[PDB]
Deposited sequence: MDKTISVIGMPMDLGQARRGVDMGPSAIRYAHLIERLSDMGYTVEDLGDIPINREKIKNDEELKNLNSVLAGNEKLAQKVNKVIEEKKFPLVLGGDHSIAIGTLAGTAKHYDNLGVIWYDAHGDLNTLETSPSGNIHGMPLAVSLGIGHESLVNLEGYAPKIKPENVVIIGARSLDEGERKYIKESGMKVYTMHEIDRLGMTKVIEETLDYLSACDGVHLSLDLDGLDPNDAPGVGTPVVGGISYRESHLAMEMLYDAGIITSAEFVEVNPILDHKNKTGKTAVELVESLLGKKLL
């Protein structure tokens, strides 16, 4: 598989400055050369330019176009970007190519909000509710079809800041979510194995990884850290098991904010996880 990297320096889905530099902070940390050293022929398609609502719309519209074309040549889009609102454009570009796309949402949050239920209106807390598809029309109907995905095809892994209307929708919708409780109880191995089997009926699986899914001690450079998260090791285990399964057909790594990071510790971790996702082995 030929890795197509697509930078999305999007910060307009959130109020904190700096997450638009995530792509550069990951590129630095040697994403390309590490993937080339692994045997992949990787093409870096650069960053999508950005100039709330409309700029979120236009930018995601352009992101969806590139991801769509990438999959058209059957290459594997690796987005990497700014705030999680870019998943709207990413999933809009991949879902149409799969009769039954699965989604692994690696995140401390559910991002299942809506501008009415949102206490901030920050769209990086809506991309999964959008896309499912409940939310602002122009957002839900991105790329002219909706919903992009089915709640029964989503598995959230890492939830620990999910209060209020999000929880109600989870149980009413039938999403499978592994909160920190299930990870602590069953261990990450079982969680992934149950995730794989659960998603075994999908034509493809998109990995949407929010770096704040990891504990802030391991991923401090995020805009909305939440204590008691997934460890660096557990995260590598999950990536390694996902690779061995061969189910992941697209991936995005979001919310890296160098302005809140410690010497690009979070950007480095992001590259390290991509390596494991794309087949890097200790032995």
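Counting from residue 1 of the deposited sequence, the stretches lacking C-alpha coordinates in this chain are 1 to 2, 54 to 64.
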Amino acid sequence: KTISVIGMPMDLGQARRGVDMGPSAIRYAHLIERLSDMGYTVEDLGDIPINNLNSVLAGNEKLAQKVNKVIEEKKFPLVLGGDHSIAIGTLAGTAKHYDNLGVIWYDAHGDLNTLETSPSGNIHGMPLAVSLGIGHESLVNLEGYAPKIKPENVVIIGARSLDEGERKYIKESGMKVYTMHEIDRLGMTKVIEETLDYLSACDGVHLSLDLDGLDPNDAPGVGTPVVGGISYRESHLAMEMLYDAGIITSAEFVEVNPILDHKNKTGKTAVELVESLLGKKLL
From here on, numbers count along this sequence of modelled residues.
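Here the stretch with the larger average CA B-factor, out of 120 to 128 and 84 to 92, is 120 to 128. Look at the mean CA B-factor for 219 to 227 and for 55 to 63 in the entry; the higher one is 55 to 63. Based on the entry's C-alpha B-factors, the most elevated value among 235, 41, 68, 250 belongs to 41. Of the candidates 74, 206, 190, 181, the PDB record gives 74 the highest C-alpha temperature factor.
Sort the chain's modelled residues by C-alpha temperature factor and residue 34 lands in the highest third, per the entry. Annotation for residue 98: C-alpha temperature factor in the highest third relative to the rest of the modelled chain, per the entry. The entry lists a Cα temperature factor for residue 45 that places it in the middle third of the chain's modelled residues. Among the modelled residues of its chain, residue 278 has a C-alpha B-factor that falls in the middle third according to the deposited record. Split the chain's modelled residues into thirds by C-alpha temperature factor. Residue 166 is in the middle one.
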